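Shown next as structure tokens: one chain only, the form deposited in one PDB entry.
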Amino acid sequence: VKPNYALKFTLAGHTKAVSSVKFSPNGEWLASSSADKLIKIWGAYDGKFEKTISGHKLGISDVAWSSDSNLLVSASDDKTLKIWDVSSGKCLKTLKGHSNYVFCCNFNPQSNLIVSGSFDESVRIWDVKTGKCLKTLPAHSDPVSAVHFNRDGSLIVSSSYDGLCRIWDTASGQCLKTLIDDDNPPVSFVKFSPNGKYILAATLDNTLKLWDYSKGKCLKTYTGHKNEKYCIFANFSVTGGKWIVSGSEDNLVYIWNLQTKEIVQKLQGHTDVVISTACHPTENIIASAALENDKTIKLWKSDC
């Protein structure tokens, strides 16, 4: 009924704060993005450094994989996203059009679109083929913290420091829903669950929440961790037991029982804020990454 994640590998190479870590859909790779303007690719099972991807002028806030594990998309302070062919390292497109820091990016499932969120308070939908920007949405009244497509690409969920999550219609560009609770703390992270039916949202009041999308109703909450300042990713972990996983400003990775909401494990080991965590698509592996006073990435494995 509890997991037993244990540190197995530690992966150093970034010269500044790590901003995001993502496993690839095929289970083979980890991608990490840093304030140092670099993407590094690491063996997902052994931590073996693999290669560095370069080309952003300023720091990178976020990276994301395409469905086939062959592309990355990066979001940088340089106001652009870049689309990368991971095997060649070649930068295929640079998406230009945001007027400030791009904070968050994601592919849709079909992987012919990219969605991005910016300090400029907009959400833009792009063509991964042509690089052209297909839509700009006046999404929020503060910086956008996350953007995620749902399981068939028809919906986008965004979150903002303005305290809202919104669900947008991909084709039409129309705001279909605005999620609000009793209070409106800034929302630092949002994503759909794999089956498209729930939304996991993190707010800068030391709180994660699970929303039923179609009823716009909040089902569970998870607390015990520290999150008042940074956009700390949250994950569904589903390959063994059923957990939520999140970084934390007290340097620990928290893991909660999905259903009870009870904290079941606190992974001790990093030395600065744990900004990002990722869950391996098929194995009970967790990756964690920390900020400036640490710069390392950590691989944990559990029996469930």
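The term rigid core refers to the maximal set of C-alpha atoms that superpose within 1.5 Å between the two forms. One rule holds for the numbers: they count along the sequence shown, beginning at 1. Shifts are known only where both forms have a C-alpha.
- Comparing 197 to 205 with 129 to 137, the higher mean C-alpha B-factor in the PDB entry belongs to 129 to 137.
- For the pair 67 to 75 and 91 to 99, the record assigns the higher mean C-alpha temperature factor to 91 to 99.
- Note on the listed residues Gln268, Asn235, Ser33, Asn26: the highest Cα temperature factor in the record is that of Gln268.
- As recorded in the entry, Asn184 carries the highest CA temperature factor of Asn227, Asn184, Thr178, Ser158.
- Among all modelled residues in this chain, the alpha-carbon of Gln174 has a temperature factor (C-alpha) in the highest third.
- Placement of the Cα temperature factor of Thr260 within the chain: highest third of the modelled residues, per the deposited record.
- Among the modelled residues of its chain, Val144 has a C-alpha B-factor that falls in the lowest third, as given in the PDB entry.
- Per the deposited record, the Cα B-factor of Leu11 falls in the middle third when ranked against the other modelled residues of its chain.
- Among the modelled residues of the chain, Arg166 sits in the middle third by CA temperature factor in this PDB entry.
As for the form solved in complex with a partner chain, it is not shown, yet the points below apply to it.
- Interface residue remark: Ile263 is not counted as part of the site for the partner chain in the bound PDB entry, having no heavy atom within 4.5 Å.
- For the chain shown alone, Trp126 is not a contact residue for the partner chain in the bound PDB entry, no non-hydrogen atom being within 4.5 angstroms.
- Residue contact with the partner chain in the bound PDB entry: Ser61 places a heavy atom within 4.5 Å of it.
- At the 4.5 Å threshold, heavy atoms of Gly97 stay clear of the partner chain in the bound PDB entry, well away from it.
- Across the proposed site, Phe119, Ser145 and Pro186 without exception bring a heavy atom within 4.5 Å of the partner chain in the bound PDB entry.
- The contact residue chosen from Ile41, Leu267, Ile275, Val245 relative to the partner chain in the bound PDB entry is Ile275, the criterion being a non-hydrogen atom within 4.5 angstroms.
- Interface residue among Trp168, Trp84, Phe149, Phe233 relative to the partner chain in the bound PDB entry, by the heavy atom within 4.5 Å criterion: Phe233.
- Comparing the forms between the shown form and the other one on their core, residues 181 to 183 form the single run of at least three in a row where every Cα shifts 2 Å or more.
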